[PDB]
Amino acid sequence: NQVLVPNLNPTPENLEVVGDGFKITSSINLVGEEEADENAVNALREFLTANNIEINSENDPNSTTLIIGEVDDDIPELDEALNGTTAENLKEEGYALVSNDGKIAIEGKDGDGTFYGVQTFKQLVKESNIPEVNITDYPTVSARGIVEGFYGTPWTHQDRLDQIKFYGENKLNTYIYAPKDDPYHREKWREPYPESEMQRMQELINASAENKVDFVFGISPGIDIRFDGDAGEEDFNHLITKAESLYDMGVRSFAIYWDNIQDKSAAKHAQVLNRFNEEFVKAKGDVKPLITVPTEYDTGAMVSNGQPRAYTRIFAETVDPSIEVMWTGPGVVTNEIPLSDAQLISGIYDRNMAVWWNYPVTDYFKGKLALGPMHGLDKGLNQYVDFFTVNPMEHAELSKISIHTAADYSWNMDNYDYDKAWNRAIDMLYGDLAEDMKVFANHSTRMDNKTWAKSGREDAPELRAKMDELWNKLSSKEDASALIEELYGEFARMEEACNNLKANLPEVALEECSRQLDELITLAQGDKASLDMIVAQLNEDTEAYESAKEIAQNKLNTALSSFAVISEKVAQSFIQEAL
């Protein structure tokens, strides 16, 4: 009978079911494709082909009709199909979508908008069934996406192309190219890319345009750049030459980065930025605002007693208002960006800020996977932030979980529920394996190197609660056998899920997390022996206690010398507590 609205990501701002839904016919009437966004139509064409829906040559009135276009197209048949709903009054990138009575209309506020309308369309359709809905939709934050700016092995060409498809499909519109260990990015920033790297860039730029992603070409010259006299000219001209050869392949966004360098010449940094902004960005006329990150880029390094440090004050005083400025929040890697930290930094800079969010990056603690949702970022952040990017792992595939939630948070910020988003991320990504992937991933959300880097939702918090309850019940001598049995089940379940993931994950995921799958299976076995210890102590069975103690020490020993790190404060720490 009725067609339910499937999982959608991001969450559309306004959605109403207006009917029972309908099945889309074998072949459809497509209207508006001549004037509609070229990329939206290609996206739509691929989806139709992938789902064996043909486009009729000649209108057949017995077939589903799909109308598509932007506000600024003169197509009356579209305005008739929206039934008084419009994208005219929406912010840029917004769209309206209506399916009723065998018609699907999509109207983008602009081309980006029409492409995004197609994305939502694609998510709504299952086995030819679409619900009947009226949608108007638009992003909270106008720049949303990813900065590949981590240390360690950069993503491959194949990784990047696949990521860019993934951004498109989740309405992320920004990808900043800035890998720390690309030599031509940083170590040898003056040197041109060779012919073949330039060909790989071209493919990246093309795929970005195809997927409505702003490819941002970053460069980090702060290691050895000269600011004064003829050397300053020469080194500035090296920036221009480099940026120009990416402009010449189609790049329209640029970033100059000053993070993690010894030189703290604020004014000279800001002068390089302003000169480039005048001589390059504005001169070109079709280039987006310049992006930067200052040498002090977290609040702790930027601010001292409510008042900016020397560097920051001078940088902010000099850096042209049009330039986007990124900061990571209260620390490099931190639990939170409270609304007040944003207010503070946006105060000093006197502009809306850009966030460089260092999660799920794991270059500072490579043994663990960061597989949680966006967590700790205030839902009113849009008031001081208009540009949002996450720094992912050197593992592109598994970064997808966290990035999926980044798409939800930055598109529809105030509706964002990290737990619901996290569940949706895994459901949409893992299909048949979702429920198991959740069991595993649930243990791998918290990042903590025990010093400066701490971020993420806590590892399996419900399980910790039960573990904590068990210790309370034992020390106050209450009957724990209901909890005990419950706990055997959870540990068994961790083992069963992990063994199923190992057998069934496709290679692309499996090769990113197989060591951590072994780790969690190990720990689950040690948690089980840990309980066998508890029970033997209760039953005064020394034989059975010494025997479970050995097993529990043998699993803990394996985990402690593992490169893989998982569930430190939950599965791991339970064995330590029992010992």
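For every residue, the number given is its place in the sequence shown, counted from 1.
Trainee: Taking only the CA atoms, which stretch has the higher mean B-factor in the record, 108-116 or 474-482?
Mentor: So the stretch with the higher mean C-alpha B-factor is 474-482.
Trainee: Check the PDB entry and point out which of 359, 315, 254, 167 has the largest C-alpha temperature factor.
Mentor: Most elevated C-alpha B-factor of the set, per the entry: 315.
Trainee: Can you tell me which of 404, 368, 264, 144 has the highest Cα temperature factor in the record?
Mentor: Reading the PDB entry, the winner on C-alpha B-factor is 264.
Trainee: Is residue 194 in the lowest, middle or highest third of its chain when residues are ranked by C-alpha B-factor?
Mentor: Top third by C-alpha B-factor.
Trainee: C-alpha B factor of residue 539, ranked within the chain: lowest, middle or highest third?
Mentor: For residue 539, whose C-alpha B-factor we compare with every modelled residue in the chain, the answer is the highest third.
Trainee: What third of the chain does residue 32 rank in for C-alpha temperature factor, lowest, middle or highest?
Mentor: Its C-alpha B-factor, which the entry lists for residue 32, ranks in the middle third among residues of this chain.
Trainee: Ranking every modelled residue in this chain by its Cα temperature factor as given in the entry, which third contains residue 53?
Mentor: It belongs to the highest third of the chain when residues are ordered by C-alpha B-factor.
Trainee: If you rank every modelled residue in this chain by C-alpha B factor, which third holds residue 533: lowest, middle or highest?
Mentor: Its C-alpha B-factor, which the entry lists for residue 533, ranks in the highest third among residues of this chain.
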